[PDB]
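Q: One file: target02.txt (compact mmCIF, C-alpha atoms).
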```
# COMPACT_ATOMS: atom_id res chain seq x y z
CA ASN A 1 2.15 3.52 -29.78
CA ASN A 2 -1.18 1.72 -30.14
CA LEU A 3 0.55 -1.66 -30.25
CA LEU A 4 2.59 -0.83 -27.13
CA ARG A 5 -0.56 0.26 -25.29
CA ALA A 6 -2.29 -2.98 -26.28
CA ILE A 7 0.65 -5.08 -25.05
CA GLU A 8 0.68 -3.14 -21.77
CA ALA A 9 -3.04 -3.78 -21.20
CA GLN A 10 -2.66 -7.43 -22.20
CA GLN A 11 0.13 -7.82 -19.64
CA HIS A 12 -2.31 -6.65 -16.96
CA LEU A 13 -4.83 -9.22 -18.20
CA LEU A 14 -2.15 -11.92 -18.03
CA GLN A 15 -1.31 -10.92 -14.46
CA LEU A 16 -4.99 -11.15 -13.54
CA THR A 17 -5.30 -14.64 -15.07
CA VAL A 18 -2.18 -15.72 -13.17
CA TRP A 19 -3.68 -14.47 -9.89
CA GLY A 20 -6.83 -16.44 -10.63
CA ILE A 21 -5.02 -19.65 -11.53
CA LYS A 22 -2.88 -19.45 -8.37
CA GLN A 23 -5.96 -19.05 -6.19
CA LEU A 24 -7.80 -21.90 -7.92
CA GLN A 25 -4.78 -24.18 -7.58
CA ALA A 26 -4.59 -23.52 -3.83
CA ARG A 27 -8.34 -24.11 -3.44
CA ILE A 28 -8.43 -27.38 -5.39
CA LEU A 29 -5.36 -28.59 -3.50
CA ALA A 30 -7.11 -27.82 -0.19
CA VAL A 31 -10.16 -29.82 -1.32
CA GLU A 32 -8.04 -32.74 -2.55
CA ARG A 33 -6.28 -32.82 0.84
CA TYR A 34 -9.56 -32.55 2.76
CA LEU A 35 -10.92 -35.57 0.88
CA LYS A 36 -7.71 -37.55 1.40
CA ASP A 37 -7.84 -36.72 5.12
CA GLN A 38 -11.47 -37.80 5.43
CA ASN B 1 0.58 -5.56 -39.53
CA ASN B 2 2.05 -8.84 -38.29
CA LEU B 3 2.34 -7.49 -34.76
CA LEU B 4 -1.28 -6.29 -34.82
CA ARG B 5 -2.45 -9.69 -36.06
CA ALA B 6 -0.50 -11.41 -33.29
CA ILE B 7 -2.03 -9.13 -30.63
CA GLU B 8 -5.51 -9.78 -32.04
CA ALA B 9 -5.01 -13.57 -31.87
CA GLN B 10 -3.50 -13.30 -28.40
CA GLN B 11 -6.56 -11.35 -27.23
CA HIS B 12 -8.72 -14.29 -28.34
CA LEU B 13 -6.45 -16.63 -26.37
CA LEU B 14 -6.80 -14.39 -23.31
CA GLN B 15 -10.58 -14.43 -23.65
CA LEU B 16 -10.51 -18.23 -23.82
CA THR B 17 -8.36 -18.47 -20.67
CA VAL B 18 -10.74 -16.09 -18.89
CA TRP B 19 -13.72 -18.29 -19.85
CA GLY B 20 -11.89 -21.30 -18.47
CA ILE B 21 -10.90 -19.65 -15.20
CA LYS B 22 -14.47 -18.43 -14.64
CA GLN B 23 -15.86 -21.92 -15.15
CA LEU B 24 -13.25 -23.51 -12.88
CA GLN B 25 -13.91 -20.93 -10.16
CA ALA B 26 -17.65 -21.69 -10.24
CA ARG B 27 -16.99 -25.45 -10.14
CA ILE B 28 -14.53 -25.34 -7.23
CA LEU B 29 -16.87 -23.02 -5.33
CA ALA B 30 -19.72 -25.51 -5.86
CA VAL B 31 -17.53 -28.33 -4.50
CA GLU B 32 -16.37 -26.26 -1.51
CA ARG B 33 -20.02 -25.49 -0.69
CA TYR B 34 -21.09 -29.12 -1.14
CA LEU B 35 -18.42 -30.23 1.34
CA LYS B 36 -19.35 -27.49 3.81
CA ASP B 37 -23.01 -28.53 3.53
CA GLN B 38 -22.22 -32.20 4.11
CA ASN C 1 11.87 -5.38 -32.28
CA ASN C 2 10.91 -4.62 -28.69
CA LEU C 3 7.23 -5.16 -29.45
CA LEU C 4 7.97 -8.49 -31.16
CA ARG C 5 10.05 -9.62 -28.18
CA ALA C 6 7.23 -8.67 -25.80
CA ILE C 7 4.67 -10.61 -27.87
CA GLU C 8 7.00 -13.63 -27.93
CA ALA C 9 7.38 -13.59 -24.14
CA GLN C 10 3.65 -13.04 -23.67
CA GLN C 11 2.96 -16.09 -25.85
CA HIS C 12 5.07 -18.16 -23.45
CA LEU C 13 3.05 -16.75 -20.54
CA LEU C 14 -0.18 -17.68 -22.34
CA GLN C 15 1.09 -21.21 -22.89
CA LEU C 16 1.91 -21.48 -19.18
CA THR C 17 -1.58 -20.28 -18.18
CA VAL C 18 -3.11 -22.80 -20.59
CA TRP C 19 -1.07 -25.63 -19.01
CA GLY C 20 -2.29 -24.54 -15.60
CA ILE C 21 -5.95 -24.30 -16.59
CA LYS C 22 -5.82 -27.75 -18.22
CA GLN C 23 -4.37 -29.30 -15.07
CA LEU C 24 -6.90 -27.56 -12.81
CA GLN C 25 -9.78 -28.67 -15.03
CA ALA C 26 -8.65 -32.30 -14.84
CA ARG C 27 -8.23 -32.07 -11.05
CA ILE C 28 -11.63 -30.48 -10.38
CA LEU C 29 -13.27 -33.00 -12.70
CA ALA C 30 -11.62 -35.85 -10.76
CA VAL C 31 -12.95 -34.40 -7.49
CA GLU C 32 -16.45 -33.88 -8.90
CA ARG C 33 -16.47 -37.51 -10.06
CA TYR C 34 -15.13 -38.78 -6.73
CA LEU C 35 -17.96 -37.00 -4.90
CA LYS C 36 -20.57 -38.28 -7.35
CA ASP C 37 -19.21 -41.81 -6.90
CA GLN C 38 -19.30 -41.58 -3.12
CA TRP D 1 5.00 -30.41 -19.58
CA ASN D 2 3.83 -33.35 -17.48
CA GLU D 3 7.17 -33.08 -15.68
CA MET D 4 6.54 -29.59 -14.29
CA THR D 5 5.58 -28.46 -10.80
CA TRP D 6 3.60 -25.46 -9.64
CA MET D 7 6.70 -23.89 -8.08
CA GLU D 8 8.50 -24.19 -11.43
CA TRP D 9 5.42 -22.76 -13.14
CA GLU D 10 5.52 -19.72 -10.83
CA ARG D 11 9.25 -19.28 -11.49
CA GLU D 12 8.75 -19.32 -15.26
CA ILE D 13 5.80 -16.90 -15.04
CA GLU D 14 7.93 -14.53 -12.95
CA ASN D 15 10.86 -14.74 -15.37
CA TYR D 16 8.81 -13.90 -18.46
CA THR D 17 6.92 -11.18 -16.60
CA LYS D 18 10.12 -9.45 -15.49
CA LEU D 19 11.49 -9.66 -19.04
CA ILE D 20 8.34 -8.10 -20.48
CA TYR D 21 8.50 -5.27 -17.91
CA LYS D 22 12.08 -4.54 -18.94
CA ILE D 23 11.22 -4.57 -22.66
CA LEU D 24 8.22 -2.26 -22.13
CA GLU D 25 10.30 0.11 -20.01
CA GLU D 26 12.96 0.28 -22.74
CA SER D 27 10.19 1.05 -25.25
CA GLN D 28 9.40 4.23 -23.33
CA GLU D 29 12.93 5.63 -23.61
CA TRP E 1 -3.79 -8.98 -4.42
CA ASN E 2 -4.97 -10.96 -1.39
CA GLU E 3 -7.56 -8.22 -0.91
CA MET E 4 -9.35 -8.84 -4.22
CA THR E 5 -12.64 -10.58 -4.95
CA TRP E 6 -13.79 -12.49 -8.01
CA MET E 7 -16.32 -9.77 -8.87
CA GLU E 8 -13.52 -7.17 -8.81
CA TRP E 9 -11.39 -9.53 -10.90
CA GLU E 10 -14.16 -9.75 -13.53
CA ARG E 11 -14.52 -5.95 -13.52
CA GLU E 12 -10.80 -5.43 -14.09
CA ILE E 13 -10.72 -8.06 -16.86
CA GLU E 14 -13.66 -6.34 -18.56
CA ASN E 15 -12.04 -2.91 -18.29
CA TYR E 16 -8.74 -3.96 -19.86
CA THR E 17 -10.54 -6.00 -22.52
CA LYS E 18 -12.69 -3.05 -23.60
CA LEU E 19 -9.61 -0.81 -23.71
CA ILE E 20 -7.74 -3.29 -25.90
CA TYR E 21 -10.74 -3.54 -28.28
CA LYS E 22 -10.77 0.24 -28.62
CA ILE E 23 -7.01 0.40 -29.27
CA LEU E 24 -7.18 -2.38 -31.87
CA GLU E 25 -10.13 -0.70 -33.59
CA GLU E 26 -8.22 2.59 -33.77
CA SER E 27 -5.28 0.69 -35.29
CA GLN E 28 -7.49 -0.27 -38.23
CA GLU E 29 -8.34 3.33 -39.14
CA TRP F 1 -19.89 -19.30 -24.44
CA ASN F 2 -22.12 -21.44 -22.22
CA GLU F 3 -22.43 -23.77 -25.21
CA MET F 4 -18.72 -24.66 -25.35
CA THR F 5 -16.90 -27.80 -24.22
CA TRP F 6 -13.36 -28.28 -22.97
CA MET F 7 -12.41 -30.19 -26.11
CA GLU F 8 -13.62 -27.27 -28.24
CA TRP F 9 -11.73 -24.91 -25.94
CA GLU F 10 -8.51 -26.87 -26.51
CA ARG F 11 -9.11 -26.85 -30.27
CA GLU F 12 -9.57 -23.07 -30.34
CA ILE F 13 -6.49 -22.52 -28.15
CA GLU F 14 -4.44 -24.71 -30.50
CA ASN F 15 -5.71 -22.88 -33.59
CA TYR F 16 -4.85 -19.41 -32.32
CA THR F 17 -1.51 -20.62 -30.97
CA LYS F 18 -0.48 -22.10 -34.32
CA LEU F 19 -1.53 -18.89 -36.09
CA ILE F 20 0.53 -16.77 -33.71
CA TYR F 21 3.58 -19.02 -34.25
CA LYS F 22 3.25 -18.58 -38.00
CA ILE F 23 2.90 -14.79 -37.72
CA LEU F 24 5.93 -14.54 -35.40
CA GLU F 25 7.99 -16.74 -37.71
CA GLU F 26 7.10 -14.53 -40.68
CA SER F 27 8.16 -11.50 -38.62
CA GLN F 28 11.68 -12.92 -38.44
CA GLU F 29 12.11 -13.13 -42.21
```
As structure tokens, how would this structure be written, given the file I've shared?
A:
Amino acid sequence: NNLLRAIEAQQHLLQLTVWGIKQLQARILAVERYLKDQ
Amino acid sequence: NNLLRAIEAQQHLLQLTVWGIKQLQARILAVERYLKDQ
Amino acid sequence: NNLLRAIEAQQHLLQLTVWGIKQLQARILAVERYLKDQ
Amino acid sequence: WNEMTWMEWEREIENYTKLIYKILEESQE
Amino acid sequence: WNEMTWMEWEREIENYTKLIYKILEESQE
Amino acid sequence: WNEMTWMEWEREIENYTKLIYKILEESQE
């Protein structure tokens, strides 16, 4: 049970890191494009 | 025991990815602000 | 068995987040350097 | 790795995530 | 998700991390 | 944490990853 609970919580952590990476990728891409456009 | 050890090591990996995401977020934010300011 | 399978899949997720963070770090660094150079 | 796109990355993340959900659900029964 | 801030993100990360620590500690006893 | 570089980060990631591989392999035997 403890191991299952740990995996469950770690999956939530993974989902949070994925959210963060997706937002950072969009933001860096927007900056790269801004600089190209300028 | 093996599963516990794997979870423990994976938690350290998660912590490392969190460190990295936090630093990248700060750095992209600083760039976004620099460009806004310019 | 289920717990092992979950850990295995989560390791693949971790590897994917690491790939993403590495690429974002390189891209932000390139932008930071571009702006310094300009 | 150098031959992977962000859309493929999202697809792979989704696939593993769905698998893990299914495994965890089956662990409850 | 689109309604979440980075401060909230850090809070949620911290909360799950602390929970996992506690679970792992209890697994040792 | 503030005293860590990206090369050190990669090293630590690699070390934990290799350990996990070994543990998972041993779980199969």
Q: Any chance you could lay chain C over chain A, fitting all C-alpha atoms in order by least squares, and write the moved chain as an mmCIF file with C-alpha atoms, in the frame of the given file?
A:
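Saved as out_0.cif:
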```cif
data_model
loop_
_atom_site.group_PDB
_atom_site.id
_atom_site.type_symbol
_atom_site.label_atom_id
_atom_site.label_comp_id
_atom_site.auth_asym_id
_atom_site.auth_seq_id
_atom_site.Cartn_x
_atom_site.Cartn_y
_atom_site.Cartn_z
ATOM 1 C CA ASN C 1 2.142 3.523 -29.780
ATOM 2 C CA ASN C 2 -1.176 1.721 -30.136
ATOM 3 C CA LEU C 3 0.552 -1.657 -30.249
ATOM 4 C CA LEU C 4 2.594 -0.828 -27.134
ATOM 5 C CA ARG C 5 -0.555 0.255 -25.292
ATOM 6 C CA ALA C 6 -2.296 -2.987 -26.279
ATOM 7 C CA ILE C 7 0.654 -5.083 -25.053
ATOM 8 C CA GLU C 8 0.676 -3.139 -21.770
ATOM 9 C CA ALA C 9 -3.034 -3.784 -21.199
ATOM 10 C CA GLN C 10 -2.660 -7.428 -22.206
ATOM 11 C CA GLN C 11 0.132 -7.815 -19.640
ATOM 12 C CA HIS C 12 -2.304 -6.644 -16.958
ATOM 13 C CA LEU C 13 -4.829 -9.214 -18.203
ATOM 14 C CA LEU C 14 -2.152 -11.923 -18.022
ATOM 15 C CA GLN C 15 -1.310 -10.915 -14.465
ATOM 16 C CA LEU C 16 -4.997 -11.148 -13.539
ATOM 17 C CA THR C 17 -5.303 -14.639 -15.069
ATOM 18 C CA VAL C 18 -2.180 -15.716 -13.176
ATOM 19 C CA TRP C 19 -3.682 -14.469 -9.881
ATOM 20 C CA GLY C 20 -6.823 -16.439 -10.624
ATOM 21 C CA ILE C 21 -5.021 -19.658 -11.531
ATOM 22 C CA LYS C 22 -2.883 -19.446 -8.375
ATOM 23 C CA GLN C 23 -5.963 -19.055 -6.187
ATOM 24 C CA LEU C 24 -7.803 -21.907 -7.924
ATOM 25 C CA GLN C 25 -4.780 -24.186 -7.577
ATOM 26 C CA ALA C 26 -4.590 -23.521 -3.834
ATOM 27 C CA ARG C 27 -8.344 -24.108 -3.443
ATOM 28 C CA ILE C 28 -8.428 -27.384 -5.391
ATOM 29 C CA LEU C 29 -5.363 -28.591 -3.501
ATOM 30 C CA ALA C 30 -7.108 -27.816 -0.190
ATOM 31 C CA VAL C 31 -10.154 -29.818 -1.321
ATOM 32 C CA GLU C 32 -8.040 -32.742 -2.541
ATOM 33 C CA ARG C 33 -6.281 -32.818 0.839
ATOM 34 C CA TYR C 34 -9.556 -32.552 2.763
ATOM 35 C CA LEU C 35 -10.920 -35.573 0.881
ATOM 36 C CA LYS C 36 -7.713 -37.549 1.399
ATOM 37 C CA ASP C 37 -7.846 -36.723 5.116
ATOM 38 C CA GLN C 38 -11.465 -37.796 5.432
#
```
Q: Compile the contact shell of residue 9 in chain E as a PyMOL selection string: residues with an atom at most 12 Å away, counting all atoms listed in the file, same-chain residues fewer than 5 positions apart removed.
A: (chain A and resi 12-21+23) or (chain B and resi 18+21-22+25) or (chain E and resi 1-4+14-16)
Q: I'd like the neighbourhood of residue 35 in chain C as JSON, numbers by chain, where a residue qualifies if any of its atoms comes within 10 Å (using all atoms listed in the file), though same-chain residues fewer than 6 positions away should be ignored.
A: {"A": [35], "B": [31, 34, 35], "C": [29]}
Q: Please return, as a PyMOL selection string, all residues of chain D lying within 10 Å of chain A when all atoms listed in the file are considered.
A: chain D and resi 6+10+13+17+20-21+24+27-28
Q: State, in Å with one decimal place, the distance from CA of residue 10 in chain A to CA of residue 10 in chain B.
A: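 Between CA of residue 10 in chain A and CA of residue 10 in chain B the gap works out to 8.6 Å.
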